[PDB]
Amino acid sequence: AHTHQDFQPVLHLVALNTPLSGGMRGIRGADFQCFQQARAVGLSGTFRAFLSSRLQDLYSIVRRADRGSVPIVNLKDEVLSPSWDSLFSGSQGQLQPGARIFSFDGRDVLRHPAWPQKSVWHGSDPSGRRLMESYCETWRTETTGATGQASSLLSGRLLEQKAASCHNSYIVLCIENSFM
């Protein structure tokens, strides 16, 4: 009714309610939006942006203990991946077949027109390591001349390796750092 509750260990992967360009005021600005939006919908967990930053590899964002066996689920608790570790194995973040990703407000980012381009910013290599030459100057710039690594959500993969212009407005995801 007013709080989302889970009775099994799971980590939520949820999308911000609006696409963002590479200029997010740094990782702190992206993390903050993740926190606000999670709280505004009753999620009790600690949400951080699914991105690599100047001083942070995407892989290490989730607590080590929860990396090997806690399923990654969407807003509606549907399983996207059996573990955090599975995404960064070299599979390029292959999601489960037919998997869906909802924004905190409950919209299906892939089917809803509010997200014009079906790509996700990540700025990481396939192992979740920061790409210092491709992460929009640590998410501080939306200039056409700079790039950040992105992935086409239509491929069913979160970690494809495409260097996109920072001016683009792509989907930004938020991952819970530890369960319940």
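All residue numbers refer to positions in the sequence shown, first residue = 1.
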property	result
Entry-level comparison of average CA B-factors, 3-11 and 169-177, reporting the higher stretch	3-11
Stretch exceeding the other in mean C-alpha B-factor - 53-61, 117-125	53-61
Residue with maximal Cα B-factor (values as given in the PDB entry) among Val109, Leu95, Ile72, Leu75	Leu95
Among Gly29, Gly42, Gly148, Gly145 - the residue whose C-alpha B-factor is largest in the record	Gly42
Record-listed C-alpha B factor of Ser83: chain third	middle
